[PDB]
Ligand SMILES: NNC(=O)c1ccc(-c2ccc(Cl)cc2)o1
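Read the single chain below, which is given as structure tokens and is the form solved without this ligand.
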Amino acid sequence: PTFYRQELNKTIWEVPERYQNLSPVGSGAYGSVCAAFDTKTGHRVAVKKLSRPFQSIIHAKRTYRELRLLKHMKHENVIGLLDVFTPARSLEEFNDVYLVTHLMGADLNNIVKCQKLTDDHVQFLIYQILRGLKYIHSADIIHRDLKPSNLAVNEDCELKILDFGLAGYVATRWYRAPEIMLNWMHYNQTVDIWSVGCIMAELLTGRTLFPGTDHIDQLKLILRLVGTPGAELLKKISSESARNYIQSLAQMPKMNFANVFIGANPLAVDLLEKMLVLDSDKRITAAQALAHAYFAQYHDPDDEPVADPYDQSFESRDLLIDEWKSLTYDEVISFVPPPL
């Protein structure tokens, strides 16, 4: 069911014959990706070869997790799965897993630096991020690492959400909510809503909201916008070392966001004020956000589906490496293409 070796991305790509013209793309950071033409379907698609899939139990488990998700994620605004394959002929030869996804070819990371976005752009973009968010949270999944470089966008403006495997090293946390950063409180799905806020801020401005260096510098910026905590919320904080840093701080109240983002569609400055909020339990949710005014052009209750959550088929059933490399293997052959 036949393949063909090729030299791509410091690897060795044996892949089914339906996918021609493999032209490498992306950093090659976490799995490498190649654009392609898919003969069997006439469409253009992406093909990523996971890296070091079964090197550790950390990695092995991480791969089975990631596969399990993508098989169950079906949605216009979350990255859907087009095929998954493997050149091995039986568990022994198993070593590599390749994903095939629909090609998009730009992410907000890069768009925000080459294009000045309009309000109408931002309405529809953040609308889509919220649509898939709602669906994802439903499955009871927390994305956990939502940033502009995780959001594939093409030119006819469709957006899709990427890259879950935190649902290691990270070079910056400009988009993580302070809850999960210093682990005081513990966290809602609203952690994700915090990121969405930062992203929207950046679209409207072209600048990154909280470009911080160390966890303090990052924390000192967050607070510079949303004001220091009140005794209300400080009560809800976990640490001892954490509470004291706060009090040790020039206590400042939240400056009104309409004073900060001068020249923003007021309806949006308002939605900002409800996403970038320090208390988890009181941060707006994905669902509630859609029904917000900003998204008047696009809100449609009757077309904002949810997912039927899936299980923990193993997940934490702690196993050796040769273990996962088999559960994963099964998930791979078990795959059935989505509707042609």
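In this text, the rigid core denotes the largest set of C-alpha atoms whose superposition between the two forms falls within 1.5 Å. A residue's number is simply how far along the shown sequence it sits, counting from 1.
Not on display, but discussed next: the form deposited with this ligand bound.
If you superimpose the site C-alphas and bring this ligand over from its pose in the entry with it bound, 3 or more of its atoms are within 2.4 angstroms of a backbone or C-beta atom of this form, and that means blocked. Across the proposed site, 140, 287 and 304 without exception lack any heavy atom within 4.5 Å of this ligand in the entry with it bound. Residues from 71-106 do not approach this ligand in the entry with it bound: none has a non-hydrogen atom within 4.5 Å of it. Once the core is superposed between this form and the one not shown, every option in 149, 154, 251, 183 stays below 2 Å in C-alpha shift except 183. Residue 274 shows a C-alpha shift below 2 Å between this form and the one not shown [criterion: core-superposed Cα displacement of 2 Å]. Core-superposed comparison between this form and the one not shown: the C-alpha position of residue 212 differs by less than 2 Å.
For residue 203, the Cα coordinates differ by under 2 angstroms between this form and the one not shown after the core has been superposed.
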